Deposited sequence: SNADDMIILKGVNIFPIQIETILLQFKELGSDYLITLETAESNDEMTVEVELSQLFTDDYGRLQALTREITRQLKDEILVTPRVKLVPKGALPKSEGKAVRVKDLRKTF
């Protein structure tokens, strides 16, 4: 997938496969994720959406804790803090584009 293609965010080189590897270890998550890069006002932001496993039906307290732990682990690896969003099973396009970069190349 384009996950193999190095990206650059606020000066920091990041290999999306790093993110994938971390996400895969969570039983609560499915294997499908989408990294979206965009320019918010002045600066660049990374969002990491990942599908929940169909087995995950726990309360919002647990969902929040899971989101926090994923965020922590990703920051430790890639050295920038992504915005992590857990989404329902099936919510991401299965039609392997793992990174959507909406920033301008300029």
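**Q** Given the full deposited sequence, which segments carry no C-alpha coordinates?
**A** Missing from the model is only the stretch 96 to 98.
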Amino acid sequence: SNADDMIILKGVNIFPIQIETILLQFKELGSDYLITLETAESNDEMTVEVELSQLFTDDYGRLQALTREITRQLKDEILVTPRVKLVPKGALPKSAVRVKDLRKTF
From here on, numbers count along this sequence of modelled residues.
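**Q** Mean C-alpha B-factor higher for 22 to 30, or for 37 to 45?
**A** Looking at the record's C-alpha B-factors, the answer is 37 to 45.
**Q** Can you let me know which of the two, 5 to 13 or 79 to 87, has the higher average C-alpha B-factor in the entry?
**A** Here the higher of the two C-alpha B-factor means belongs to 5 to 13.
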